[PDB]
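Reading through the structure tokens given below for one structure.
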Amino acid sequence: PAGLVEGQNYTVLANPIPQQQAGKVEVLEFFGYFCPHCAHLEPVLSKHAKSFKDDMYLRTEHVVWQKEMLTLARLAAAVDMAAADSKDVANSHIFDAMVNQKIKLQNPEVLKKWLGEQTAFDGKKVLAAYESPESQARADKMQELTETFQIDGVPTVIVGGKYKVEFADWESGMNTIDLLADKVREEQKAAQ
């Protein structure tokens with residue numbers, strides 16, 4: 001009952017998600033900017049990621065559950081691109097705008113004006129990223145992942161491509177991530 005218990009604090013995916021970086025331990029969060037629980041997880045997870053070892057990284061993917069949602073995935077892509085060095089501020093700003101302010105960032109006309117006005121993070125650079133072909137292809141991939149892996153709830157966190165965190169609350173889930181990361185690290189080394 002202590003530590004990792006399959007079916008209790010984690011489960012194993014039927015089909016693993018390929019990691020972006022080989023030989024590292026990926027922590028993958030599926031989320032949506034419209035999602036209140038995702039906005040609450042955000043500060044916990046982003047803080048915890050500061051503790052990550054050099055062989056771990058946090059990857060995020062926005063779900064696409066309807067055609068209108070692709071714009072939000074393109075925003076997520078743009079933040080990843082242009083705001084890599086201050087993603088936390090950007091996500092903070094976007095969750096507030098969507099969840100608290102009720103701004104329709106899923107509408108490109110609304111989103112582009114809003115982005116141009118942000119400076120707590122580099123809104124103009126994120127706007128440029130949004131307008132780039134990279135972001136359209138990052139967003140298409142998010143839809144593909146959503147459908148292929150049947151991600152039907154957010155937030156969802158998967159470690160090492162295969163271990164889904166079953167959260168009791170956000171804080172305890174961070175401990176689960178650490179345990180799963182060690183499990184992965186030593187699985188991947190034992191197989192090499």
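Starting from 1 in every chain, residues are counted up; chains themselves are A, B, ... following the order of the structure tokens, and ligands are numbered from 1 as listed.
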If we count only C-alpha atoms and set the cut-off at 9 Å, which residues sit around stretch 64-67 of chain A, ignoring sequence neighbours fewer than 2 positions away in its own chain? Please answer as a ChimeraX atom specification. /A:32,62,69-73,139-140,142-147,152
Go ahead and write the residues just picked, N, CA and C atoms, as a CSV table (one decimal), in the first residue's frame.
chain,number,residue,atom,x,y,z
A,32,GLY,N,-6.2,21.9,-21.0
A,32,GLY,CA,-6.9,22.9,-21.9
A,32,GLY,C,-6.8,24.2,-21.1
A,62,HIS,N,-2.0,20.6,-25.6
A,62,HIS,CA,-3.4,21.1,-25.4
A,62,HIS,C,-4.3,20.1,-26.1
A,69,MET,N,-11.5,24.3,-31.1
A,69,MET,CA,-10.4,24.2,-30.1
A,69,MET,C,-9.0,24.2,-30.6
A,70,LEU,N,-8.9,24.0,-32.0
A,70,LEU,CA,-7.6,24.1,-32.6
A,70,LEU,C,-6.8,25.4,-32.4
A,71,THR,N,-7.6,26.5,-32.3
A,71,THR,CA,-7.0,27.8,-32.1
A,71,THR,C,-6.3,27.9,-30.7
A,72,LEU,N,-6.9,27.2,-29.7
A,72,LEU,CA,-6.3,27.2,-28.4
A,72,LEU,C,-5.0,26.3,-28.4
A,73,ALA,N,-5.1,25.2,-29.1
A,73,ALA,CA,-3.9,24.4,-29.3
A,73,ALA,C,-2.8,25.2,-30.0
A,139,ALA,N,0.0,22.3,-33.4
A,139,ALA,CA,-1.4,22.2,-33.1
A,139,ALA,C,-2.1,20.9,-33.7
A,140,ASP,N,-1.8,20.7,-35.0
A,140,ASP,CA,-2.2,19.5,-35.7
A,140,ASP,C,-1.8,18.2,-34.9
A,142,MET,N,-1.1,18.0,-31.7
A,142,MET,CA,-1.9,17.9,-30.5
A,142,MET,C,-3.3,17.3,-30.7
A,143,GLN,N,-3.9,17.6,-31.8
A,143,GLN,CA,-5.2,16.9,-32.2
A,143,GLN,C,-4.9,15.4,-32.4
A,144,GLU,N,-3.9,15.1,-33.2
A,144,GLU,CA,-3.5,13.7,-33.5
A,144,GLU,C,-3.3,12.9,-32.2
A,145,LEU,N,-2.6,13.5,-31.2
A,145,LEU,CA,-2.3,12.8,-29.9
A,145,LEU,C,-3.6,12.6,-29.2
A,146,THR,N,-4.5,13.6,-29.1
A,146,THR,CA,-5.8,13.6,-28.4
A,146,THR,C,-6.6,12.4,-28.9
A,147,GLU,N,-6.6,12.2,-30.3
A,147,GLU,CA,-7.4,11.2,-30.9
A,147,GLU,C,-6.8,9.8,-30.8
A,152,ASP,N,-9.5,11.9,-23.0
A,152,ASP,CA,-10.9,12.4,-22.9
A,152,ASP,C,-11.1,13.2,-21.7
Mind listing the alpha helix (DSSP H) residues of stretch 15-148 of chain A, per DSSP on the backbone, as a ChimeraX atom specification? /A:36-49,70-82,87-95,108-117,123-130,133-148
May I have the residues from that selection written out with C-alpha atoms, as a short mmCIF file (atom, residue, chain, number, x, y, z; two decimals), in the first residue's frame?
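As written to disk, result-v8.cif reads:
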data_model
loop_
_atom_site.label_atom_id
_atom_site.label_comp_id
_atom_site.auth_asym_id
_atom_site.auth_seq_id
_atom_site.Cartn_x
_atom_site.Cartn_y
_atom_site.Cartn_z
CA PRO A 36 -10.37 25.26 -14.08
CA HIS A 37 -8.69 22.19 -12.58
CA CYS A 38 -5.85 22.64 -15.08
CA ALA A 39 -5.45 26.26 -13.90
CA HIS A 40 -5.18 25.00 -10.32
CA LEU A 41 -2.69 22.25 -11.15
CA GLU A 42 -0.57 24.76 -13.10
CA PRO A 43 1.26 26.51 -10.22
CA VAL A 44 1.90 23.19 -8.42
CA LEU A 45 3.25 21.41 -11.48
CA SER A 46 5.30 24.33 -12.78
CA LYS A 47 6.90 24.80 -9.35
CA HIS A 48 7.64 21.10 -9.07
CA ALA A 49 9.26 21.10 -12.52
CA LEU A 70 -7.57 24.06 -32.60
CA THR A 71 -7.00 27.81 -32.07
CA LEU A 72 -6.29 27.19 -28.39
CA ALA A 73 -3.87 24.40 -29.29
CA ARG A 74 -2.12 26.83 -31.70
CA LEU A 75 -1.85 29.29 -28.78
CA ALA A 76 -0.31 26.55 -26.59
CA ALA A 77 2.12 25.79 -29.43
CA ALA A 78 3.02 29.49 -29.73
CA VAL A 79 3.67 29.82 -25.96
CA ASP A 80 5.92 26.78 -26.08
CA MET A 81 7.82 28.33 -29.02
CA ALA A 82 8.19 32.05 -28.32
CA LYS A 87 6.22 29.79 -20.08
CA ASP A 88 5.02 30.01 -16.47
CA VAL A 89 4.05 33.70 -16.68
CA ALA A 90 2.42 33.11 -20.10
CA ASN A 91 0.33 30.16 -18.90
CA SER A 92 -0.53 32.08 -15.76
CA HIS A 93 -1.74 35.01 -17.93
CA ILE A 94 -3.71 32.75 -20.30
CA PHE A 95 -5.45 30.69 -17.65
CA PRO A 108 -8.26 34.37 -33.59
CA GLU A 109 -9.39 38.03 -33.86
CA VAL A 110 -9.67 38.30 -30.07
CA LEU A 111 -6.50 36.26 -29.45
CA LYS A 112 -4.24 38.26 -31.78
CA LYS A 113 -5.23 41.63 -30.25
CA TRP A 114 -4.80 40.19 -26.74
CA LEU A 115 -1.36 38.74 -27.54
CA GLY A 116 -0.16 42.04 -29.00
CA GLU A 117 -0.98 43.73 -25.68
CA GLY A 123 3.19 38.87 -26.27
CA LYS A 124 4.54 40.11 -29.61
CA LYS A 125 6.92 37.13 -29.92
CA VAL A 126 4.12 34.70 -29.04
CA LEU A 127 1.96 36.43 -31.66
CA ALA A 128 4.75 35.91 -34.23
CA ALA A 129 4.94 32.26 -33.21
CA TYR A 130 1.15 31.95 -33.58
CA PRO A 133 3.75 27.56 -39.79
CA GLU A 134 5.50 25.79 -36.81
CA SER A 135 2.49 26.56 -34.56
CA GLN A 136 -0.02 25.18 -37.09
CA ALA A 137 1.95 21.92 -37.17
CA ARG A 138 2.42 21.81 -33.36
CA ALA A 139 -1.43 22.18 -33.06
CA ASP A 140 -2.22 19.49 -35.66
CA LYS A 141 0.01 17.12 -33.69
CA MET A 142 -1.92 17.94 -30.48
CA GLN A 143 -5.16 16.92 -32.17
CA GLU A 144 -3.54 13.72 -33.45
CA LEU A 145 -2.33 12.83 -29.93
CA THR A 146 -5.76 13.55 -28.45
CA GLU A 147 -7.45 11.18 -30.90
CA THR A 148 -4.80 8.44 -31.13
#
Between atom CA of residue A:16 and atom CA of residue A:83, measure the distance and give it in Å to one decimal. 28.3 Å
Would you pick out the contacts of residue A:6 at 12 Å or less, using only C-alpha atoms, so that residues sharing its chain but fewer than 3 positions from it are not included, and give the list as an MDAnalysis selection string? chainID A and resid 1:3 9:13 163:166 176 180
Which distance in Å separates atom CA of residue A:162 and atom CA of residue A:15, to one decimal? 7.4 Å
Out of stretch 16-190 of chain A, which residues get strand (DSSP E or B) from DSSP, as JSON, numbers by chain? {"A": [25, 26, 27, 28, 29, 30, 31, 56, 57, 58, 59, 60, 61, 62, 156, 157, 158, 159, 163, 164, 165]}
What's the separation between atom CA of residue A:21 and atom CA of residue A:5, in Å to one decimal place?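 Computing it gives 26.8 Å between the two atoms.
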With only C-alpha atoms as the counted atoms, please give the residues lying no more than 9 Å from residue A:179, apart from itself and same-chain residues fewer than 5 positions off, as a ChimeraX atom specification. /A:3-4,174,184
Nearest to residue A:34, chosen from A:51, A:58, A:154, A:8, with only C-alpha atoms counted in the distances: A:154
